Number of protein chains: 2
Amino acid sequence: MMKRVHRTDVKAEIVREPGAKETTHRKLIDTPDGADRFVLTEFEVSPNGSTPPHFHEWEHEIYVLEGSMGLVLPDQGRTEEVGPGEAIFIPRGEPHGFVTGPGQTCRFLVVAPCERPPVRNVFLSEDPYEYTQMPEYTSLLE
Amino acid sequence: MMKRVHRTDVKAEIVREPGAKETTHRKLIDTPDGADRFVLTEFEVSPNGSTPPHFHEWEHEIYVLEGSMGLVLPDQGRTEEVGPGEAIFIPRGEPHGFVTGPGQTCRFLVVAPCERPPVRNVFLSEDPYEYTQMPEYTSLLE
Ligand code: NI
Ligand code: NI
């Protein structure tokens, strides 16, 4: 039951979240391994990538491994550039999303609880990509 | 309450565990930040380092960032060399320790629960460094 795996031996899968662009995940340590309280996932956002800003009743603990990206913070009216070696705590309920420009790629770890109630979008739409069109979202990027 | 910190802005402190050698930790995300279920710590084992092999009723999830070290596995009679990009799940109760030779340095993340009952040593002694003297420990190293 001790598990050792190299990141490259865990398949990178496209994330399921509707409206995410250019984003994959590798479930490095997960419940089938015997994790029963928290899990470890490696995300990678390739150039021109983004996730819809959202919030949820479960905290994030993040460590940026390689590259750089924007941490979109709707309740702070802006986007924070993050880079290697940064640790980020996002408390339950704080809105957040991720973005990369042409040219940027970022790989980062996310620690999550095993219990993860549904996420709520900051921007509500039937087309889950519409946030990229919205002035209230682009204003956060600049 | 969102926290962003670079690793170099979190002080590296010597670990408290008696008999550990050349090992520090940086508490990157911890309970004063608002983490209330799991925490994120960066360990670094400098050359000629080690920790006393132990076991405990709390799992480890590890990601090796830089360098290499031995993961000592007393119940498997050996030591596994680990290196960058490896994810390691150590279930509750599995004995484990860390070692570096002359020449090796390793930096790795550990995710831990906030509740952490006391560790138990594999090798019992009054001098907490005595494990490095013991044939049953050196046999694991080779
Ligand atoms: Ni999230
Ligand atoms: Ni331990």
Side-chain angles (χ1 to χ4, degrees), chain A residues 1-10 26-42 55 58-66 71-76 78 80-96 107-115, chain B residues 1-10 26-42 55 58-66 71-76 78 80-96 107-115:
Chain A
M1 11 171 72
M2 226 275 350
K3 171 199 209 173
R4 184 270 305 265
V5 65
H6 191 75
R7 56 175 298 279
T8 56
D9 289 325
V10 180
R26 298 171 192 267
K27 287 187 175 221
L28 301 178
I29 306 168
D30 192 11
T31 63
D33 308 312
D36 59 351
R37 296 190 286 181
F38 49 85
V39 298
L40 184 69
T41 305
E42 184 183 279
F55 58 102
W58 46 281
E59 61 274 24
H60 291 308
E61 294 178 10
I62 295 163
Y63 189 95
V64 180
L65 298 168
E66 294 305 335
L71 172 57
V72 179
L73 293 166
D75 281 357
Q76 312 201 173
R78 76 202 183 93
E80 186 68 83
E81 286 296 303
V82 300
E86 291 177 23
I88 307 161
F89 174 67
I90 306 180
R92 290 185 292 269
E94 181 75 21
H96 59 280
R107 286 173 36 227
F108 59 98
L109 298 171
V110 176
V111 187
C114 289
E115 287 301 294
Chain B
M1 11 171 72
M2 226 275 350
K3 171 199 209 173
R4 184 270 305 265
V5 65
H6 191 75
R7 56 175 298 279
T8 56
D9 289 325
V10 180
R26 298 171 192 267
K27 287 187 175 221
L28 301 178
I29 306 168
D30 192 11
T31 63
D33 308 312
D36 59 351
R37 296 190 286 181
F38 49 85
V39 298
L40 184 69
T41 305
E42 184 183 279
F55 58 102
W58 46 281
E59 61 274 24
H60 291 308
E61 294 178 10
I62 295 163
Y63 189 95
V64 180
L65 298 168
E66 294 305 335
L71 172 57
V72 179
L73 293 166
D75 281 357
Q76 312 201 173
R78 76 202 183 93
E80 186 68 83
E81 286 296 303
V82 300
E86 291 177 23
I88 307 161
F89 174 67
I90 306 180
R92 290 185 292 269
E94 181 75 21
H96 59 280
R107 286 173 36 227
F108 59 98
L109 298 171
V110 176
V111 187
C114 289
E115 287 301 294

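So you know, we letter chains A, B, ... as the sequences are listed, proteins then strands, and number each from 1. Hydrogens, waters and symmetry mates are skipped; everything else that's a heavy atom, side chains included, is used.
With chain B as the partner, the residue from A/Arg92, A/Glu61, A/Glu86 showing the most heavy-atom pairs under 4.5 Å is A/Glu61. Each of B/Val5, B/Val82, B/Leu28 has some count of heavy-atom pairs under 4.5 Å with chain A, and the biggest count is that of B/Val5. Interface check for chain A: of the options B/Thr8, B/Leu109, B/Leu73, the most heavy-atom pairs under 4.5 Å are formed by B/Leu109. The choice from B/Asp36, B/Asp33, B/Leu40 that makes the most heavy-atom pairs within less than 4.5 Å of chain A is B/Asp36.
Here the CD1-NZ distance, from B/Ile62 to A/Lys3, works out to 13.5 Å after rounding to the nearest 0.5 Å. Atom CZ in A/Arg37 sits 8.5 Å away from atom CD in B/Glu115 (nearest 0.5 Å). Rounding to the nearest 0.5 Å gives a distance of 11.5 Å between CZ of A/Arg4 and CD1 of B/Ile90. For the atom pair CD1 (A/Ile88) and NE2 (B/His6), the distance works out to 12.0 Å, reported to the nearest 0.5 Å. A distance of 4.5 Å separates OH of A/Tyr63 from CG of B/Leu65, quoted to the nearest 0.5 Å.
Using a 4.5 Å cut-off between heavy atoms, A/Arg26 makes no contact with chain B at all. Heavy atoms closer than 4.5 Å to chain B are found in the side chain of A/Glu94, but not in its backbone.
For B/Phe38 against A/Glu59, the heavy-atom pair with the smallest separation is CE2-OE2, 3.8 Å.
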